[PDB]
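As structure tokens, the structure follows; a few thoughts come after it.
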Amino acid sequence: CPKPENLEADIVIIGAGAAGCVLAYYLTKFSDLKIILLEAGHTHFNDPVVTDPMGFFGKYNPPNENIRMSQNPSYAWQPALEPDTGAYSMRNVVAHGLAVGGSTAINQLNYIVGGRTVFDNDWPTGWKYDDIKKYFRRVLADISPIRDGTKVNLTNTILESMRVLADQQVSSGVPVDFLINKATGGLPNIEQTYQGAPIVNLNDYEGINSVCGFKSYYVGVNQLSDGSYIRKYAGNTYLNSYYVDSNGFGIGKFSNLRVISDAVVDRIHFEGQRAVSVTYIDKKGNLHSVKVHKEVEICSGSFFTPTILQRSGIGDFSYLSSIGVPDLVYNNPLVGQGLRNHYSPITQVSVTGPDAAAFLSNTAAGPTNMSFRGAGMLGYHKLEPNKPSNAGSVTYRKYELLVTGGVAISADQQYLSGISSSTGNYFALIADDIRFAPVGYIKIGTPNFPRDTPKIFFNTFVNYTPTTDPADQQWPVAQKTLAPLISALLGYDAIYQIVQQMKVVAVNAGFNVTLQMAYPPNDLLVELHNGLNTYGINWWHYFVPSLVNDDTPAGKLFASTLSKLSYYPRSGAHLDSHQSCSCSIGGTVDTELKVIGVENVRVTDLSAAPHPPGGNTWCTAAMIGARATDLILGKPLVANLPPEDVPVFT
Amino acid sequence: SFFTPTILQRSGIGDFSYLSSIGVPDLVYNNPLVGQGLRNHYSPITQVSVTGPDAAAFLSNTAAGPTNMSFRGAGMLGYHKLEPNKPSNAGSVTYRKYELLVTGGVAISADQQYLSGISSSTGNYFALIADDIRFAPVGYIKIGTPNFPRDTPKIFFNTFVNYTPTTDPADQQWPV
Amino acid sequence: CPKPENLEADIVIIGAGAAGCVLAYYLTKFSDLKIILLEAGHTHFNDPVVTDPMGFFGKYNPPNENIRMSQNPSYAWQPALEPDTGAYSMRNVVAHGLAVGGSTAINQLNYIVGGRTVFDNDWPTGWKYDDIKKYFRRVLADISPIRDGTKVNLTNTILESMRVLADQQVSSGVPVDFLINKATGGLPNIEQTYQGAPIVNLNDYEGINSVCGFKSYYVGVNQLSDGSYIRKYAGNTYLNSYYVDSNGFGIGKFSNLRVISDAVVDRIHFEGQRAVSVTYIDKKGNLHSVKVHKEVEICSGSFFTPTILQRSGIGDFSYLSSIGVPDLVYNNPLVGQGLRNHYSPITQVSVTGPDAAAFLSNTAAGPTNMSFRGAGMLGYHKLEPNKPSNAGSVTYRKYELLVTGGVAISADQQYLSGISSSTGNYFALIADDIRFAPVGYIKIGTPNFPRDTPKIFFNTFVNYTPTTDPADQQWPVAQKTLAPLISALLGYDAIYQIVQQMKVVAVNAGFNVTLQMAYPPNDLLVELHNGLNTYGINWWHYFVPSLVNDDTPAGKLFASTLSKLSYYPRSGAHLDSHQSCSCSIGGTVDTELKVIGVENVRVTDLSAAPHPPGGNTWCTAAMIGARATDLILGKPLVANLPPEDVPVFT
Ligand SMILES: Cc1cc2nc3c(=O)[nH]c(=O)nc-3n(C[C@H](O)[C@H](O)[C@H](O)COP(=O)(O)OP(=O)(O)OC[C@H]3O[C@@H](n4cnc5c(N)ncnc54)[C@H](O)[C@@H]3O)c2cc1C
Ligand SMILES: Cc1cc2nc3c(=O)[nH]c(=O)nc-3n(C[C@H](O)[C@H](O)[C@H](O)COP(=O)(O)OP(=O)(O)OC[C@H]3O[C@@H](n4cnc5c(N)ncnc54)[C@H](O)[C@@H]3O)c2cc1C
């Protein structure tokens, strides 16, 4: 049976995403083992729409196919989730990149590293902050992001307003407002606003800043000697022409490395409890089998790691037998469970003034800010019942705030609201959830070949139906069910209570302008503010009006207002693309990242995270891959590599 | 419909430039029309309110059984009087345009249900559907990866597009 | 001496330009000989600035290096010609492309095939029109150009005017006006102007149209299924991924073909009168020697074919010995002699009217017209003394007319004239010379390595200095010396006498507008028109005022006007990039394209043309290469290949 594609080795890494390349690179650098990478994708080093950062916004799109890279089946997998019973049963498609570099070839390029507190309070032993912060330093040094290269006065006004009201939040003694950081003290952690003001680094090495108002992010772009920016991503850095031949061999130093471009993997041939081989389909349609000697690594992303595991034989035996899996290995009913993701409701602001163009200048997107102009990361609101115990003594990251010019609601909402993108006296504010509550799971549907869409369940904004139970002991399930909608409403109020300090700051900053939230409607926010400050910590009793027993017309007003307000976060919002926690630590893998019930396979992508980090989930996956390098190799080498040693660029 | 042109294109029949572009190694016949000319129906929905104290007597025996499957008529109609897009034979032959359907309850989508202020709980409401059988828009199908049959290939279908006027005199831009 | 780069074979083709790829492709297709191509250049299949046709105009240029491809030493050779004694001693740089596909990778993509009469009256035996027209059909079928995809009313107005005045030129019995074609008869050869008017094909198979007014050209672009156009050039078609491996091997059918990407050739190692080997420098800087068994082919372009010949040993023995050539083979004092090129003086038109934007719409450049909107090809003017004998019985192509929106004079001239490119009531007309008179030559300067700039002499608009000789028999050297300046002046008058028919046509075409030539100045053209029609065929006596002996103030007026007018074609013009005739037939090679004095080398690029064709010189070089395929192979195979057999595109 003459197949000369004998690619037997000792380590096989599957999926060259944000974590696959880091591992393959630093694994062939520090040892002599024979390494193989399989990705099922070519290298888009020459594509203008990839390498140019501004191509993300559709600059190179043919006029008849104006879709960008997340909606393009030639660039990204297209999985759709089953009807969201919390969002009027609207199915959604969220992508995972299909190329060297994974989703980093198609993403927005932001570098939130996540707070310090999360890795100290939500991760297992060995994964506390002080065990990994060095790895975060390693990756941010390997990329070297940059800051915004353009000033603007709107950032100054907004930072002014936030410090103004953080002054009061510092007083009044309440301990859990959203602008209090405990690692600084009485002084607010708000960046100064004047020429020669220093810059507060969000991703600081010692994690002092978990709540801070700044002016710019750190995007993963570099400037070339010519004057043009390009994209600096995982495949760009760790796997470029200098390190790997066009035929897939490494060069000299890394001669013990093999990369196959287009090879879709199906499952893991598995003798006993010992993985022994892997098969894949090349671009004819042939099945090639390769031996594994020493270990197998799975870096296939959040959606497609549990899936390949389940086809392999690890999962729920009853289910996999039901749908027709012939070979069964380990009976873990938790594989593909506990899926987590962020979520960002959207609001926009109207400015009334004859010459407000002077106010909104220098807001357009360049390859250094990518339309991001701030503003800060906030903590828990004062009136949110779902806070951990440590909230009295440690500050947690809850909301990530973003400001952007133009309007960003969906087109149907644009038409409905009466405000369009043509006019230029409008801008958008976003209060992202980082601690988003809902949880889902992933189930395969056919044991034949890797399918683009497996069963993915994710219900977010569900409702609570009261029972005949006495009110006293049914409240603490209403709390658990209504957490996310409460969080979104509190984000709305938090953004709302900024615009008045912004009014004052603009008035005495040389601007006769007026600021106002028009989406959601003005009245529907003033009423929420009044209801909050008149009903206190028991404001959220009124989501269910049959239990408050408050038949006063004021109570009916509050119930109706919350009913209407519950509509906006369902439709006028944007599910993010930060999928994580499919095979988390403890649930499916141990703290050394090995799969329970087997001795020589590990999962090391973002699916293995036991909690979503404090922001955009790119650094985290690379950190996990980097740490996996050490755990596989045995001794810390990437650990204290000097920071001046960085991969060369080509 | 969706997966015949796709297996053809992976096989080697299609647009040689495109299949070579995305990496098809073996090419057989150069037909640039494979996967072109996709057609489908489309059914806008409307619903009716009945006002009356004992209208339950009016709406009885409308529930779905395995013999009617919630269908209660009503007929198939031809072209409207005022539709400019009719074939030449319309003067001498009758064409099928609309398929009419009546059904109890409400059938708009849930978000529209909330928006309109009328829900499915109440029982003095029913739905009428005027389906298009001669639906105009046309699309096409293109594969995206020459490896294995994928669930989602590139499918393009734009229905209710709009017309943007040009500086051309009005007289000879109407028939586009 | 261990050099494993043993690339000994029987045919070696040097330079993959507009003629190298055609030959290599169709030569490995129809035989079994071992073929090698050397180009010294990589393949720009992925570069956006190359493949996108609109990239020619600088759409992908970094803001700090805004130069396009002809001025870029990484894309094109940069030879500069010695001071032009006719153009105020202004040196000029004209480029030859440096890539697979040669100048076709950087050109404007036009497909004039040239008239029929030229190949019948100016080429040797065996190269008359009916011997090659099939080869022209072959190349135009191999490319499949397209037409303009956008109407415009300016083309209709101009064609209207030309037919109006061609009506009169048909009458009055004069035989040599510029709008008379003899293969049609009394009816003008002017394309009809209304909806459903047929299209006159300029490049018609039987060559009936040598003078004709049309509306669109044939550019070498294709439309992709997506909606984006790309560039279809020599390397794109004959040497693409489907035919050649990334390692330079051919595939299956063409397995007997080798292509080396970056290999600069120096000279031809030459045993006896028999070429035996060739050396080249790779991208280390190493010298690799390859054996030749059977024949050597030179396709290195107009500027660099005679140069490599001279370094090889063929040329003027005294000169090559003088500058230090050690090995001398054949003493041909004509190598590198007889250089020819086109030349296009420029004029622009002002339109006065309140709403002339309605007149000039739909003139912007798209990848189908590339800013070309006509207009036609004309013959000799009535009053040009330098016409061949056959002018009474055959119509010759003299001027190629072009219309374009915006202004195209050089920047210094823009400032001088007081009219800039910002304003939008102005457009350009160009009367190109196809029969341009001046001739030059090429001489190497150092026998070490191929140099970018060898001695290139080209003097165009020289002046005549009278002697003491009696006037009677010194006129017919003044004629020969003043030919090109006379031609340019007559082109000016020809364009001038169009604008009044354009006035009438616009007046009764629904337009209240006014047309006027502002560059060169209005008065300086009206005076030329009056002088022409008052002095007749002896209008050109007045270039030299010391011989006319006409001291009348009218004669002084005429002399001064011609003196001033002689300034514009010198500076306000554009030397084209159609270099040809360096090793023409008879001068340096026989009719079977072999080099005199040697048995197994040929030159087959555009340098071997014994006359410049009737238009843009791209089809001609490809035709020469195609015919060379037959002469080398011996029997006509590419001759009657069916036109439905075309190279597949990837
Ligand atoms: C639309 C979008 C927006 C984003 N925005 C941001 C942002 O603002 N900030 C930020 O920091 N990050 C952003 N990201 C990136 C994202 O948050 C993380 O970078 C992502 O989780 C990367 O983690 P990963 O490497 O584990 O996943 P991936 O990069 O998806 O790794 C999966 C890899 O495995 C391959 N693979 C999958 N299945 C198979 C199989 N069967 N066989 C072989 N190979 C396979 C895939 O092709 C891919 O190369 C965005 C991503 C997207 C898609
Ligand atoms: C600015 C510009 C504008 C043009 N505009 C038009 C137009 O409007 N219409 C039109 O029809 N054509 C146009 N052309 C194209 C031009 O008129 C012809 O296509 C050209 O003569 C091609 O002929 P060729 O193949 O013999 O020359 P080339 O294409 O130049 O062939 C020479 C080849 O040999 C290689 N070579 C040279 N020296 C060496 C060496 N020492 N060793 C190895 N390789 C070597 C070169 O890199 C190149 O690949 C334009 C070209 C340019 C540069």
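By convention in this document, the chains of the structure tokens carry letters A, B, ... by their order, each chain's residues are numbered from 1, and ligands are numbered from 1 in the order they are shown.
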Ligand 1 neighbours within 6 Å using only C-alpha atoms and all ligand atoms, as a short mmCIF file (atom, residue, chain, number, x, y, z; two decimals) with C-alpha atoms, in the first residue's frame:
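In the end it all went to result.cif:
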```cif
data_model
loop_
_atom_site.label_atom_id
_atom_site.label_comp_id
_atom_site.auth_asym_id
_atom_site.auth_seq_id
_atom_site.Cartn_x
_atom_site.Cartn_y
_atom_site.Cartn_z
CA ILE A 14 -2.43 19.95 15.93
CA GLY A 15 -3.62 23.44 15.01
CA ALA A 16 -1.21 26.36 14.59
CA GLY A 17 -3.24 29.07 16.25
CA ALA A 18 -2.34 31.63 18.88
CA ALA A 19 -0.78 28.80 20.90
CA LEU A 38 -0.56 20.15 11.17
CA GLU A 39 -2.84 23.06 10.40
CA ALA A 40 -4.99 22.56 7.28
CA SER A 70 -14.73 36.25 9.72
CA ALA A 95 -15.54 32.22 13.53
CA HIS A 96 -12.17 30.62 14.16
CA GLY A 97 -9.39 31.48 11.75
CA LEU A 98 -8.15 28.90 9.26
CA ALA A 99 -4.49 29.64 8.49
CA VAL A 100 -1.08 29.71 10.10
CA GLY A 101 -1.61 31.94 13.11
CA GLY A 102 -5.22 30.92 13.71
CA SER A 103 -7.62 33.64 14.78
CA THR A 104 -4.68 36.02 15.05
CA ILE A 106 -8.15 37.76 11.30
CA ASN A 107 -8.56 39.52 14.64
CA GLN A 108 -8.74 43.15 15.86
CA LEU A 109 -5.24 43.05 17.45
CA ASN A 110 -5.68 44.12 21.05
CA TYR A 111 -3.44 43.25 24.03
CA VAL A 264 -7.37 18.41 8.02
CA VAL A 265 -7.09 15.95 10.90
CA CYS A 299 -4.30 23.15 19.81
CA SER A 300 -7.44 23.22 17.67
CA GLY A 301 -9.33 26.01 19.41
CA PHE A 304 -12.99 22.08 17.73
CA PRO A 450 -14.65 17.12 11.12
CA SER A 577 -15.46 35.98 19.54
CA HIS A 578 -13.61 35.00 22.74
CA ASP A 605 -5.15 26.12 23.62
CA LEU A 606 -7.63 28.59 25.09
CA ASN A 616 -9.27 40.16 25.15
CA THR A 617 -8.22 36.54 25.15
CA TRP A 618 -5.16 36.48 22.88
CA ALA A 621 -3.71 31.35 24.85
#
```
Quiz item: Quick one: residues within 6 Å of residue 30 of chain B, only C-alpha atoms counted, chain neighbours fewer than 4 positions away excluded, as a ChimeraX atom specification?
Solution: /B:14-16
Exercise. Write down as an NGL selection string the residues of segment 444-546 of chain C whose backbone DSSP state falls under alpha helix (DSSP H).
Key: :C and (475-496 or 499-507 or 522-535 or 545-546)
Quiz prompt | Who sits within 10 Å of residue 289 of chain C, only C-alpha atoms, same chain under 3 positions skipped, as JSON, numbers by chain | solution = {"C": [3, 5, 6, 7, 8, 265, 268, 269, 277, 278, 279, 280, 281, 286, 292]}
Between chain A and chain B, at 6 Å or less, what are the per-residue closest atom pairs and their distances in Å? Count only C-alpha atoms, order by chain and rising residue number, and return it as JSON lines.
```
{"residue": "A:73", "atom": "CA", "partner": "B:144", "partner_atom": "CA", "distance": 5.8}
{"residue": "A:74", "atom": "CA", "partner": "B:144", "partner_atom": "CA", "distance": 4.8}
{"residue": "A:88", "atom": "CA", "partner": "B:110", "partner_atom": "CA", "distance": 5.7}
{"residue": "A:283", "atom": "CA", "partner": "B:147", "partner_atom": "CA", "distance": 4.8}
{"residue": "A:285", "atom": "CA", "partner": "B:147", "partner_atom": "CA", "distance": 5.6}
{"residue": "A:452", "atom": "CA", "partner": "B:151", "partner_atom": "CA", "distance": 5.9}
```
Taking N, CA and C atoms for each residue, export the selection above as a compact mmCIF listing (two decimals), in the first residue's frame.
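Listed below is the output, out27.txt:
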```
# COMPACT_ATOMS: atom_id res chain seq x y z
N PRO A 73 -15.81 31.73 4.24
CA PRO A 73 -15.48 30.31 4.47
C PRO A 73 -14.11 29.91 3.98
N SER A 74 -13.44 30.73 3.17
CA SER A 74 -12.09 30.41 2.75
C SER A 74 -11.04 30.83 3.77
N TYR A 88 -34.51 35.74 21.44
CA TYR A 88 -35.56 35.56 20.45
C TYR A 88 -35.23 34.46 19.45
N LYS A 283 -4.92 17.64 0.18
CA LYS A 283 -5.75 18.39 -0.75
C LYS A 283 -6.10 17.60 -2.01
N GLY A 285 -7.67 14.68 -1.15
CA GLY A 285 -8.67 13.85 -0.52
C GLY A 285 -8.15 12.51 -0.05
N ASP A 452 -18.09 21.49 10.11
CA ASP A 452 -17.98 22.91 10.42
C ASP A 452 -18.90 23.31 11.56
```
Self-check item: Contacts of residue 597 of chain A within 10 Å, only C-alpha atoms, excl. fewer than 2 positions in-chain, as number ranges by chain
Solution: A: 273, 314, 329-332, 588-589, 594-595, 599-601
Those selected residues, please, written with N, CA, C and O atoms and delivered as a PDB file, in the first residue's frame.
```
ATOM      1  N   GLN A 273      -4.597   2.562  25.980  1.00  0.00           N
ATOM      2  CA  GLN A 273      -4.735   3.900  26.535  1.00  0.00           C
ATOM      3  C   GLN A 273      -3.609   4.796  26.015  1.00  0.00           C
ATOM      4  O   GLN A 273      -3.430   5.934  26.456  1.00  0.00           O
ATOM      5  N   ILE A 314     -13.107   9.961  23.647  1.00  0.00           N
ATOM      6  CA  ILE A 314     -13.209  10.452  25.015  1.00  0.00           C
ATOM      7  C   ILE A 314     -14.446  11.326  25.129  1.00  0.00           C
ATOM      8  O   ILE A 314     -14.581  12.320  24.411  1.00  0.00           O
ATOM      9  N   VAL A 329     -12.991   4.964  24.626  1.00  0.00           N
ATOM     10  CA  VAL A 329     -11.740   4.881  25.372  1.00  0.00           C
ATOM     11  C   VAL A 329     -11.918   5.293  26.827  1.00  0.00           C
ATOM     12  O   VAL A 329     -11.660   4.503  27.738  1.00  0.00           O
ATOM     13  N   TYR A 330     -12.331   6.530  27.064  1.00  0.00           N
ATOM     14  CA  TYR A 330     -12.524   6.997  28.426  1.00  0.00           C
ATOM     15  C   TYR A 330     -13.889   7.647  28.547  1.00  0.00           C
ATOM     16  O   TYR A 330     -14.318   8.372  27.648  1.00  0.00           O
ATOM     17  N   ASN A 331     -14.562   7.391  29.660  1.00  0.00           N
ATOM     18  CA  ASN A 331     -15.931   7.852  29.864  1.00  0.00           C
ATOM     19  C   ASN A 331     -15.894   9.102  30.728  1.00  0.00           C
ATOM     20  O   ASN A 331     -16.095   9.048  31.938  1.00  0.00           O
ATOM     21  N   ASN A 332     -15.651  10.242  30.098  1.00  0.00           N
ATOM     22  CA  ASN A 332     -15.673  11.520  30.804  1.00  0.00           C
ATOM     23  C   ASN A 332     -16.889  12.307  30.352  1.00  0.00           C
ATOM     24  O   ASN A 332     -16.909  12.840  29.230  1.00  0.00           O
ATOM     25  N   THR A 588     -11.647  18.667  32.789  1.00  0.00           N
ATOM     26  CA  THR A 588     -11.214  17.695  31.793  1.00  0.00           C
ATOM     27  C   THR A 588      -9.724  17.398  31.851  1.00  0.00           C
ATOM     28  O   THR A 588      -9.298  16.310  31.457  1.00  0.00           O
ATOM     29  N   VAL A 589      -8.916  18.340  32.330  1.00  0.00           N
ATOM     30  CA  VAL A 589      -7.480  18.138  32.414  1.00  0.00           C
ATOM     31  C   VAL A 589      -6.991  18.526  33.798  1.00  0.00           C
ATOM     32  O   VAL A 589      -7.638  19.280  34.529  1.00  0.00           O
ATOM     33  N   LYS A 594      -2.559  17.463  31.206  1.00  0.00           N
ATOM     34  CA  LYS A 594      -2.754  16.161  30.591  1.00  0.00           C
ATOM     35  C   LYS A 594      -4.219  15.761  30.672  1.00  0.00           C
ATOM     36  O   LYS A 594      -4.937  16.158  31.595  1.00  0.00           O
ATOM     37  N   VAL A 595      -4.666  14.982  29.687  1.00  0.00           N
ATOM     38  CA  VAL A 595      -6.062  14.574  29.637  1.00  0.00           C
ATOM     39  C   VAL A 595      -6.282  13.408  30.588  1.00  0.00           C
ATOM     40  O   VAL A 595      -5.570  12.397  30.535  1.00  0.00           O
ATOM     41  N   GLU A 599      -2.274   8.873  29.120  1.00  0.00           N
ATOM     42  CA  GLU A 599      -0.961   9.253  29.610  1.00  0.00           C
ATOM     43  C   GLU A 599      -0.172  10.171  28.686  1.00  0.00           C
ATOM     44  O   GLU A 599       0.770  10.815  29.159  1.00  0.00           O
ATOM     45  N   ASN A 600      -0.504  10.259  27.401  1.00  0.00           N
ATOM     46  CA  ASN A 600       0.379  10.983  26.492  1.00  0.00           C
ATOM     47  C   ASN A 600      -0.391  11.841  25.497  1.00  0.00           C
ATOM     48  O   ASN A 600      -0.074  11.860  24.304  1.00  0.00           O
ATOM     49  N   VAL A 601      -1.400  12.578  25.959  1.00  0.00           N
ATOM     50  CA  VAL A 601      -2.006  13.643  25.166  1.00  0.00           C
ATOM     51  C   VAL A 601      -2.293  14.823  26.083  1.00  0.00           C
ATOM     52  O   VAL A 601      -2.601  14.639  27.266  1.00  0.00           O
TER      53      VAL A 601
END
```
What are the closest atom pairs, with distances in Å to one decimal, for all residues of chain C lying within 8 Å of chain A? Consider only C-alpha atoms, order rows by chain and residue number, and present the result as a Markdown table.
```
| residue | atom | partner | partner_atom | distance |
| --- | --- | --- | --- | --- |
| C:46 | CA | A:46 | CA | 6.2 |
| C:47 | CA | A:46 | CA | 7.4 |
| C:48 | CA | A:48 | CA | 7.2 |
| C:62 | CA | A:228 | CA | 6.0 |
| C:63 | CA | A:227 | CA | 6.6 |
| C:64 | CA | A:227 | CA | 6.2 |
| C:65 | CA | A:226 | CA | 7.1 |
| C:226 | CA | A:64 | CA | 6.4 |
| C:227 | CA | A:62 | CA | 5.7 |
| C:228 | CA | A:62 | CA | 5.6 |
```
Could you save those same residues with N, CA and C atoms as a compact mmCIF listing (two decimals), in the first residue's frame?
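File written: out_18.txt
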```txt
# COMPACT_ATOMS: atom_id res chain seq x y z
N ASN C 46 2.19 37.67 -6.63
CA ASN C 46 1.44 38.03 -5.44
C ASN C 46 1.43 39.52 -5.16
N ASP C 47 2.32 40.27 -5.78
CA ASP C 47 2.41 41.70 -5.51
C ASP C 47 1.13 42.40 -5.92
N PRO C 48 0.45 43.10 -5.02
CA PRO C 48 -0.73 43.88 -5.42
C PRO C 48 -0.43 44.94 -6.45
N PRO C 62 3.80 53.27 -0.74
CA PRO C 62 4.02 53.85 0.58
C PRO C 62 4.18 55.36 0.48
N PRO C 63 3.70 56.11 1.46
CA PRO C 63 3.68 57.57 1.33
C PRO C 63 5.06 58.20 1.24
N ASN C 64 6.10 57.50 1.66
CA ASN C 64 7.45 58.05 1.63
C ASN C 64 8.23 57.68 0.37
N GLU C 65 7.69 56.81 -0.47
CA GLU C 65 8.40 56.34 -1.66
C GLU C 65 7.46 56.33 -2.87
N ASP C 226 -14.92 36.92 -9.07
CA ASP C 226 -15.28 37.71 -7.90
C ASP C 226 -15.81 39.08 -8.29
N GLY C 227 -15.17 39.72 -9.26
CA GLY C 227 -15.53 41.07 -9.64
C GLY C 227 -14.32 41.97 -9.76
N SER C 228 -13.14 41.42 -9.48
CA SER C 228 -11.91 42.19 -9.57
C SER C 228 -11.13 41.82 -10.83
```
Quiz item: Pick the closest to residue 448 of chain A from A:310, A:150, A:85, A:501: which is it, counting only C-alpha atoms?
Solution: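 Selected residue with least distance to residue 448 of chain A: A:310.
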Quiz item: Hey, what's within 12 Å of segment 60-77 of chain B if we count only C-alpha atoms and toss same-chain stuff fewer than 2 positions away? As a PyMOL selection string, please?
Solution: chain B and resi 54-58+79-81+94-107+123-134
Keeping only C-alpha atoms, write the selected residues to a file as a JSON list (two decimals), in the first residue's frame.
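Output file out-v3.json is given in full below:
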```json
[["chain", "number", "residue", "atom", "x", "y", "z"],
["B", 54, "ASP", "CA", -67.90, 35.41, 20.87],
["B", 55, "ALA", "CA", -65.52, 35.05, 17.94],
["B", 56, "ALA", "CA", -64.48, 31.64, 19.28],
["B", 57, "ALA", "CA", -67.49, 30.34, 17.34],
["B", 58, "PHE", "CA", -65.93, 31.81, 14.19],
["B", 79, "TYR", "CA", -50.48, 38.24, -11.76],
["B", 80, "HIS", "CA", -51.80, 41.40, -10.20],
["B", 81, "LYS", "CA", -53.25, 43.96, -12.57],
["B", 94, "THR", "CA", -52.54, 32.51, -17.30],
["B", 95, "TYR", "CA", -49.46, 32.21, -15.09],
["B", 96, "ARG", "CA", -49.22, 31.09, -11.47],
["B", 97, "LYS", "CA", -47.78, 33.86, -9.30],
["B", 98, "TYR", "CA", -48.97, 33.63, -5.68],
["B", 99, "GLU", "CA", -49.75, 30.62, -3.52],
["B", 100, "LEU", "CA", -52.15, 31.67, -0.76],
["B", 101, "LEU", "CA", -52.26, 30.01, 2.67],
["B", 102, "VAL", "CA", -54.40, 30.59, 5.76],
["B", 103, "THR", "CA", -53.46, 29.40, 9.24],
["B", 104, "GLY", "CA", -54.59, 29.92, 12.81],
["B", 105, "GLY", "CA", -52.36, 31.66, 15.29],
["B", 106, "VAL", "CA", -49.51, 34.05, 14.56],
["B", 107, "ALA", "CA", -46.45, 33.10, 12.52],
["B", 123, "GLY", "CA", -56.84, 33.62, 20.39],
["B", 124, "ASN", "CA", -58.54, 36.14, 18.10],
["B", 125, "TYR", "CA", -55.83, 36.29, 15.44],
["B", 126, "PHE", "CA", -54.75, 34.34, 12.37],
["B", 127, "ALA", "CA", -52.18, 34.41, 9.59],
["B", 128, "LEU", "CA", -52.32, 34.77, 5.80],
["B", 129, "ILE", "CA", -49.36, 34.10, 3.50],
["B", 130, "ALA", "CA", -48.85, 35.26, -0.11],
["B", 131, "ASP", "CA", -45.96, 33.13, -1.34],
["B", 132, "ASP", "CA", -43.88, 34.01, -4.40],
["B", 133, "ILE", "CA", -43.55, 31.18, -6.89],
["B", 134, "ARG", "CA", -41.91, 33.34, -9.57]]
```
Quiz item: Among segment 118-326 of chain A, which residues carry a DSSP assignment of strand (DSSP E or B), reported as JSON, numbers by chain?
Solution: {"A": [146, 190, 212, 213, 219, 221, 222, 223, 229, 230, 231, 244, 249, 250, 257, 258, 259, 260, 264, 265, 266, 267, 268, 269, 270, 271, 274, 275, 276, 277, 278, 279, 280, 281, 287, 288, 289, 290, 291, 292, 293, 294, 295, 296, 297, 298, 314, 315]}
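Interatomic distance, atom CA of residue 203 of chain C to atom CA of residue 620 of chain C: 12.5 Å.
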Quiz item: So how far away is atom CA of residue 345 of chain A from atom CA of residue 166 of chain A, in Å?
Solution: 23.5 Å
Quiz item: Which residues, written as a count of residues only, have at least one atom at most 6 Å from residue 91 of chain C, with only C-alpha atoms counted and residues fewer than 4 positions away on the same chain left out?
Solution: 3
Quiz item: What is the atom CA of residue 160 of chain A-atom CA of residue 495 of chain A distance in Å, reported with one decimal?
Solution: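 Rounded to one decimal, the two atoms are 14.6 Å apart.
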